[PDB]
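Below, chains carry the letters A, B, ... as their sequence lines are ordered, and counting in each starts from 1. The figures that follow rest on heavy atoms only: side chains count, while hydrogens, waters and symmetry mates do not.
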Amino acid sequence: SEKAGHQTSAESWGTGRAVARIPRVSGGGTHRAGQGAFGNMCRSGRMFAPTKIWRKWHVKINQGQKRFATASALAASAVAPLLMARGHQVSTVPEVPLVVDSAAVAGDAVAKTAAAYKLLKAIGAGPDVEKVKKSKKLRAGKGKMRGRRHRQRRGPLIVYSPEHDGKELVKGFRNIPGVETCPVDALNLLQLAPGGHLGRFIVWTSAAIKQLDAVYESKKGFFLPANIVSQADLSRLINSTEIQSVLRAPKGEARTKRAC
Amino acid sequence: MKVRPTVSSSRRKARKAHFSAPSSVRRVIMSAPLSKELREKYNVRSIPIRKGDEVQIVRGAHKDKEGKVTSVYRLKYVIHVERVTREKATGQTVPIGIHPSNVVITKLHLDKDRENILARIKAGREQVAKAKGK
Amino acid sequence: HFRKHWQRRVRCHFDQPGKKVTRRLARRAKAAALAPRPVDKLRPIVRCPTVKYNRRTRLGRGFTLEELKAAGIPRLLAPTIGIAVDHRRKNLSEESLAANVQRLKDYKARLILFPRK
Amino acid sequence: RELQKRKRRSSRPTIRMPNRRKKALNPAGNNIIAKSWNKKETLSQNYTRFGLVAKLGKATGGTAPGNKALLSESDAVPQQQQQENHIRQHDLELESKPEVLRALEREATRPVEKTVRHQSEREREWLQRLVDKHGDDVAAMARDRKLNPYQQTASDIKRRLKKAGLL
RNA sequence: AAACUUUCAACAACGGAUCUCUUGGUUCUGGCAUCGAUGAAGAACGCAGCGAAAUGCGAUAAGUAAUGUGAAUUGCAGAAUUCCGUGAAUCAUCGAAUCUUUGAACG
RNA sequence: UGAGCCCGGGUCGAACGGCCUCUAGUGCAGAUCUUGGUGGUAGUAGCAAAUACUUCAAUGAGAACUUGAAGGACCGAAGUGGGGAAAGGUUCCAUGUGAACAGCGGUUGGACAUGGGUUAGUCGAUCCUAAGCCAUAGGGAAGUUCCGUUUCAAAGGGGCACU
RNA sequence: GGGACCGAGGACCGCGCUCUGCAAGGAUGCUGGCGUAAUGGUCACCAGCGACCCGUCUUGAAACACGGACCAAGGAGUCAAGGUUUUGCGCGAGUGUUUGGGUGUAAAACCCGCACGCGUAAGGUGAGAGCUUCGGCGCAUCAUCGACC
RNA sequence: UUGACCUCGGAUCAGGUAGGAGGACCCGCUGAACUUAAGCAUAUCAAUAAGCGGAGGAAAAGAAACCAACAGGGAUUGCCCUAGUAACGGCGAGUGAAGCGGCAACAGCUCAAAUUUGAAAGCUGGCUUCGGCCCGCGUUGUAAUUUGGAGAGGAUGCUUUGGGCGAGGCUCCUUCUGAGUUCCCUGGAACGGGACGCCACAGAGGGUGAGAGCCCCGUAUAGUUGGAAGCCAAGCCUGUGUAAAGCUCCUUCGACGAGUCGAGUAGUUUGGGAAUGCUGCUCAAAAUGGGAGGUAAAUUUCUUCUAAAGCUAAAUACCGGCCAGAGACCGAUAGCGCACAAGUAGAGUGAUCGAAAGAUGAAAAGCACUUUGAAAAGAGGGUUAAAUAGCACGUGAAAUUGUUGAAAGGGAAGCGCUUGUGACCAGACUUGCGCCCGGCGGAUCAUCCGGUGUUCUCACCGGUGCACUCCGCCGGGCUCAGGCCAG
């Protein structure tokens with residue numbers, strides 16, 4: 001509050017008194033009388049640089065960079081080792097970019113929550129769901145006092161099509177802990193790279209794949225970026241015949257004997 | 001997860017409401033479950049506790065012990081069960097404060113009002129069961 | 001440039017999404033009230049004034065009396081059937097007159113009228 | 001602040017205001033739009049299903065992909081390829097697709113009754129006296145002062161006679 | 001050697017730090033527009049079986065009428081409620097009332 | 001190396017930590033710094049003048065300062081006497097307590113607690129006006145309000161009558 | 001000939017020699033006692049040696065002066081706007097979605113119309129990094145003579 | 001003598017209304033200084049703070065005497081850029097708009113000026129049996145018609161309608177609606193661990209004796225019970241009067257705001273001496289008029305609007321009112337001064353100033369009884385999981401202090417290096433590996449056959465193996481390596 005620390009009447013006693021040159025509350029019939037005020041070092045005083053609402057809480061990010069990050073997160077989710085590195089239990093699941101049939105995802109047959117859980121168990125997300133469920137526990141700190149009581153791991157992300165799958169699969173889901181849903185036409189980076197770490201486990205649908213291609217074609221002012229390297233396998237790049245054939249003879253070994 | 005904007009997930013407000021609730025809200029809060037026999041007899045899970053009910057204490061230091069409710073002391077959210085008491089230093093017996101969520105109702109004090117309450121709960125449950133079934 | 005008290009005269013837009021939601025709910029309130037009707041009125045096409053912007057057209061305030069007459073829409077009926085009327089504007093040119101009468105003919109061709117009671 | 005502390009300290013209850021709004025947010029009634037309106041959808045989506053235009057102005061942004069609700073001269077006169085001094089004043093002489101649109105078209109083109117205004121009793125006896133003394137000579141009927149004290153024109157008298165049925 | 005001064009340890013004191021908690025504050029957002037001569041805001045004095053403050057109320061005074069709920073209040077004392085009922089309650093709602101002296105204050 | 005990190009023993013009772021990023025009201029010996037608490041000085045300085053106290057007995061666990069009797073002193077009617085006005089407000093009286101206050105103590109107290117106590121036609125107010133002040137008639141002033149007090153105010157009483 | 005201190009490294013590679021091997025690119029062999037408070041360590045005290053009370057301020061430096069009874073907790077380069085340098089990132093003669101509008105699992109995320117902000121609409125001589133078919137090509141940039149506005 | 005009109009008065013006459021509070025935001029009046037810069041002075045702070053008056057849920061503004069110079073736009077309000085531009089400033093400190101353009105929201109109207117003149121057709125009262133009866137106001141003008149991108153009057157031919165019930169619907173309150181207290185362990189108490197299940201458009205939150213989706217309240221969606229007031233409304237009763245309205249045409253008309261504009265002057269204000277606006281004083285208008293712009297273009301040509309009367313929602317603001325929901329906020333020296341009987345105790349003559357202060361325990365179960373003591377209390381005893389929780393109460397640091405234990409001490413202590421004494425301790429080791437024998441006891445010796453897998457030549461099973469080969473144990477022997485200190 002802008003009035004904090006300033007709702008008092010204090011004046012410095014002077015210079016020649018053997019007391020600190022600090023504003024002191026006038027009066028004379030209470031504990032508060034004669035005490036320092038108006039200072040950052042004084043009890044019941046103002047804080048240094050009081051916080052203001054105009055702090056620039058939001059960050060403006062180029063939409064091209066946002067789309068670049070989303071594309072990179074999608075590629076990382078396609079990569080299999082990155083899921084394990086991010087902490088997803090993907091070992092009983094085949095075809096890391098899972099595609100589950102839209103005819104099996106659309107309608108009441110997934111709008112029922114038990115059916116959604118059964119589908120996840122059948123496709124192999126069961127380990128991840130159980131991991132989240134067992135990982136729930138209490139938060140350390142004041143977040144419990146501030147409404148953030150518990151925290152848990154993050155499970156599979158379900159990308160679907162509102163116009164083909166029909167948006168009721170969210171209600172079929174939306175109660176299984178850790179499991180999240182998202183439409184293909186609007187993908188979220190907070191969901192794709194939770195905590196800034198790449199490689200989230202994602203289950204797709206066939207219509208989701210079609211419309212993923214469609215939406216990345218439909219983005220305006222953005223094209224899929226071209227990498228600065230073409231082959232990312234430095235082992236093949238170096239141990240290729242061309243490099244080794246034009247290469248000079250080795251000048252030593254990895255561990256060299258010391259002479260003197 | 002909450003959806004309606006009217007309800008709040010505020011711990012502060014929830015605890016304030018619980019600890020400053022009036023007597024009727026306290027009665028609704030101190031609702032207690034019914035036994036299995038009463039469950040398949042009335043199609044009712046829980047009902048607010050009252051003075052004439054016979055209950056079975058199934059939680060706490062008193063393991064599995066039965067008795068008639070003596071007093072529903074709404075002020076500190078406890079009920080008094082007959083013969084469940086502890087002796088003070090002087091040897092005078094004082095009732096032990098037990099919680100309706102820790103007790104289970106075995107025999108139910110019956111009147112027109114509670115028959116109506118049971119009928120309403122049963123009607124809602126059977127309507128929703130029929131709607132889900134067909 | 002802070003010789004004055006900007007601290008007591010400073011304003012933050014923390015309710016930008018709140019006002020966006022409020023305005024969207026207002027547009028739905030209008031369309032709940034005027035349910036089969038568009039939530040706006042037909043506005044004419046007008047050429048921008050100065051040499052800098054005279055190469056483009058925009059939407060104006062309302063249609064002129066004689067261009068309504070040429071379109072065949074009566075004056076006292078146009079605001080009722082949802083056409084904005086501007087009695088201050090003069091056409092001054094057959095080009096503007098023709099553009100606006102063509103726009104009103106398109107509105108006529110795409111309009112549905114319900115017979116009073 | 002003092003009033004808030006007083007309220008929090010007193011035993012009087014909190015007057016919780018229900019969330020009432022001045023304006024309704026959905027069409028209501030027993031009409032086609034009311035029965036076909038989806039309250040979980042938006043304005044543009046509802047109008048796209050209906051087949052109707054909601055905004056008649058210029059687009060202020062990008063719409064949804066499926067959005068369809070945001071729209072010889074001898075004298076050398078430009079208004080010659082536009083034609084199809086008195087016009088009708090109270091109505092317009094107007095000349096595969098969504099169900100709501102078809103139903104609205106049928107209700108709009110549905111035949112209606114007119115409720116033809118009658119001529120008052122005394123007007124009928126006045127016209128009757130006129131025709132009983134003059135017959136069909138509307139010029140004499142208009143020039144007559146005793147039976148036509150309002151000195152109405154012969155054309156007006158003839159029109160009233162045609163509406164009354166006395167030719 | 002003891003006493004005294006000082007160092008370290010154990011236990012016991014003084015004091016209220018740390019950790020934990022929070023029916024509180026602070027900031028933002030959203031719906032709505034309602035004081036008073038039909039006597040307001042504020043001030044005062046009274047009212048409980050046993051109360052000083054806080055709170056509620058106004059000689060109908062920790063309150064009456066009505067509606068709803070449905071078996072209490074509670075620190076103690078005394079009455080209830082027949083429970084197959086116009087009905088407990090420091091209950092909730094609230095459309096009817098009562099509403100001391102002043103205070104714009106008006107013989 | 002170091003800022004520090006980890007373990008054991010004791011106490012305790014309800015939440016907390018490592019790792020990668022993010023964020024900040026983020027690191028103290030000083031500021032005659034702020035708040036609170038605690039020492040040496042120190043059982044030290046000190047607890048004044050109003051001449052003065054003593055014996056027995058009583059109550060009480062406890063008596064220099066609580067009482068009764070007896071002495072020895074004092075205020076000396078311009079009192080250390082008896083009543084009022086103003087101010088205070090229950091301090092008044094009886095019974096009980098000895099936690100705190102009465103620079104020592106206390107069975108004592110203007111302390112604390114529980115009860116009680118103020119009775120008017122004749123006492124005072126209530127009535128009258130004094131110096132002075134306010135309203136009203138007017139007139140100023142942007143206005144809160146100011147001047148104005150008998151003013152160029154239609155301002156107050158009373159009677160009689162065959163109706 | 002006598003004594004002291006040290007043993008870094010960890011398959012072979014090397015220089016060599018007195019070459020069946022070696023003192024030659026860094027210590028091995030033999031043996032004894034103990035195997036536990038014995039070595040080692042932490043505290044307290046003694047002993048020999050060493051050793052101004054901290055900070056601030058002034059000055060070339062001292063001295064003076066100032067603050068310091070002790071402890072716990074609090075405590076001082078922060079935030080915003082406008083400029084500017086460098087580093088990272090995206091797009092690049094273009095760039096900037098978030099005024100506003102459209103969706104939304106709803107202050108998030110996703111998408112976008114028209115404007116608008118800022119910026120954009122010819123050589124010779126000699127060097128020169130880097131290539132070469134080893135005959136020469138010649139980035140950036142520089143010195144001079146240039147060409148044009 | 002009497003009666004009207006005008007003006008001014010009385011009444012505790014009949015019926016009404018204003019004052020005060022609040023003031024976060026809003027409309028006016030009034031009005032500084034600290035500060036910054038400059039030889040000085042204007043300027044800046046600031047048309048701000050303080051003071052006074054007046055409203056609302058918004059206020060205010062608002063339907064051009066506008067902006068423009070274009071192909072024109074078209075009431076008001078707000079956001080973005082315009083733009084730190086124009087402009088005024090010793091062209092200092094500096095100050096500082098607006099048109100256009102993109103957007104949000106959009107809605108237009110009432111009078112005065114005209115004679116109803118073939119009819120004051122208008123309205124306040126108060127007496128009513130609620131149907132109409134009178135008292136009056138008013139002609140110095142109350143109705144209808146009209147309000148200058150208009151209009152009136154005639155003629156003409158088409159096209160237009162008014163009331164009253166009203167099922168039902170929407171909004172908001174309320175009633176009701178899922179599933180473990182199954183078994184074992186720890187524990188004072190499972191809400192902890194393990195096992196086995198269930199619900200989930202509900203795994204938000206809270207309570208319950210410790211971390212509970214399934215014990216309880218609630219939480220999600222659809223319905224469902226009753227109630228409240230507003231608006232819409234399918235239909236059904238009626239309608240009336242030669243009543244009202246729109247347009248068209250024209251050998252007829254067409255009224256538009258004065259101590260106001262403007263001129264001079266003083267003060268104030270603005271980026272704005274064509275004075276940017278405003279106010280005061282003096283003078284004081286016009287009717288093919290007036291105002292503001294454009295323009296060297298040859299004369300003040302052209303362009304654009306009608307001032308001095310009035311109303312009006314929306315987009316806009318908001319530290320206040322009735323609530324509600326939230327947070328990378330604070331966590332009792334923090335966060336509002338106030339988490340508590342805080343604007344309280346207390347201080348001041350008064351205006352005013354203004355603190356400190358949260359936590360036993362799951363449950364008071366807040367210690368019966370005995371004994372010492374005058375008593376306060378102490379000691380036994382008891383409650384509790386705990387009194388190492390006793391209402392001086394969660395945990396319980398340092399400063400400072402007491403007791404006990406050990407030690408040092410000839411006019412300072414403290415600190416560095418290195419021993420020594422005493423006390424007290426962490427490590428390390430307890431044997432590991434490999435060969436020669438015998439006893440065994442078993443199961444996965446080599447090779448081959450089939451299947452499977454794979455790095456396509458490596459494995460895995462099942463059979464084969466039949467125990468001079470494998471695999472573990474025991475009773476022995478030997479080798480090497482093993483801790484500390486040393487020769």
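- Residue note: E/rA37 shows a south-type sugar, the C1'-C2'-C3'-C4' torsion being below zero.
- Looking at heavy atoms from C-beta onward, C/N91 lies in side-chain contact with C/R89 at the 4.5 angstrom threshold.
- For a distance-only test at 3.5 Å, the side chain of A/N175 qualifies as a donor-acceptor partner of the base of H/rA200.
- The glycosidic torsion of E/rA37 lies within 90° of 0, which places this base in the syn conformation.
- Across all strands shown, D/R16 has heavy atoms under 4.0 Å from sugar-phosphate atoms exclusively, and none from any base.
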Could you please spell out the steps behind the side chain to side chain donor-acceptor pair (under 3.5 Å) verdict for D/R88 and D/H90? CA-CA 6 Å; D/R88 179 184 307 251; D/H90 302 97; over 6 Å; no

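- For H/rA121, the ring torsion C1'-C2'-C3'-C4' comes out positive, which puts the sugar in the north group.
- Nucleic acid contact for B/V28: sugar-phosphate only, since backbone atoms but no base atoms lie under 4.0 Å from a heavy atom of the residue.
- Between the CG atom of C/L77 and the P atom of H/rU160 there is a distance of 12 Å, given to the nearest Å.
- Taken together, H/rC158 and H/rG246 meet the test for a Watson-Crick or G-U wobble pair: both N-N or N-O distances fall under 3.5 Å.
- The interatomic distance linking B/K13 (NZ) with H/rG207 (P) rounds to 16 Å, in whole Å.
- In this structure, the NE2 atom of C/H5 is 17 Å from the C1' atom of G/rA81, given to the nearest Å.
- Taking for each of A/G141 and D/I15 the nucleotide of RNA chain E with the nearest heavy atom, the 5'-most of the two is the partner of A/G141.
- The existence of a salt bridge linking A/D108 and A/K112 is excluded, since no basic side-chain nitrogen approaches an acidic carboxylate oxygen closer than 4.0 Å.
- The one candidate from D/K7, D/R6, D/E2 that meets the side chain to side chain donor-acceptor pair (under 3.5 Å) condition with D/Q4 is D/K7.
- Inter-residue side-chain proximity for D/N19 and B/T6 is flagged as unmet; no heavy-atom pair is nearer than 4.5 Å.
- For B/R50 and B/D113, the salt-bridge test fails: no basic side-chain N is under 4.0 Å from an acidic carboxylate O.
- Counting any heavy atom pair closer than 4.0 Å across all strands shown, B/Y73 reaches a base atom.
- Between the P atoms of F/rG71 and F/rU51, the separation comes to 22 Å (whole Å).
- Under 4.0 angstrom from either OP1 or OP2 of G/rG102 there lies no side-chain N or O belonging to D/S44.
- Using a 4.0 Å heavy-atom distance criterion, D/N85 is classed as a sugar-phosphate-only contact.
- Taking a centre distance below 5.5 Å and an interplanar angle below 30 degrees as the stacking criterion, D/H118 stacks against the six-membered base ring of H/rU240.
- As a whole-Å value, the separation of C/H1 NE2 from H/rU85 P is 11 Å.
- One interatomic measurement links the two molecules: CG of C/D40 to P of H/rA105, which rounds to 8 Å at whole-angstrom precision.
- OP1 or OP2 of H/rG72 has at least one side-chain nitrogen or oxygen of C/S93 nearer than 4.0 Å.
- Residue A/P177 reaches into the major groove: at least one of its side-chain heavy atoms sits under 5.0 Å from a major-groove base atom (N7, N6, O6, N4 or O4), while no minor-groove atom comes that close.
- Using a 4.0 Å heavy-atom distance criterion, D/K23 is classed as making no nucleic acid contact.
- Contact annotation for B/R11: backbone-only contact, meaning every heavy-atom pair under 4.0 Å involves sugar-phosphate atoms and none involves a base.
- Residue A/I61 is classed as a base contact, given a heavy-atom separation below 4.0 Å to a base.
- A nucleotide of RNA chain E counts as in contact with chain B when one of its atoms lies under 4.0 Å from a heavy atom; the first and last such, 5' to 3', are E/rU22 to E/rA92.
- Pucker check on F/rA100: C1'-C2'-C3'-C4' positive, sugar north.
- Spacing between H/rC323 and E/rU93 at atom P, rounded to whole Å, works out to 12 Å.
- When rounded to the nearest whole Å, the span between NZ of C/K117 and P of H/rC236 equals 10 Å.
- Side-chain to base pairing of B/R12 with H/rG205: no donor and acceptor N or O lie closer than 3.5 Å to each other.
- Taking the side chain as every heavy atom from C-beta outward, D/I157 and D/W126 approach each other to under 4.5 Å.
- Sugar pucker of H/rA287: south, since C1'-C2'-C3'-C4' comes out negative.
- Atom-to-atom, CZ of B/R86 to P of H/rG361 comes out at 17 Å; the value is rounded to the nearest Å.
- D/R1 has its CZ atom 11 Å from the P atom of H/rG337, to the nearest Å.
- Across the interface with RNA chain G, nearest-nucleotide mapping of A/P183 and A/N40 shows A/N40 to be the residue nearer the 5′ end.
- Using the six-membered ring where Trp is involved, C/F14 and A/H58 have ring planes that are tilted, between 30° and 60° apart.
- A positive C1'-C2'-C3'-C4' angle places the sugar of F/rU35 in the north (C3'-endo) family.
- Among the heavy atoms of the strands lying under 4.0 Å from D/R122 are primed sugar atoms or P, OP1, OP2 only; no base atom is included.
- Remark: the separation of the P atoms in H/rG168 and H/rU129 is 39 Å, to the nearest Å.
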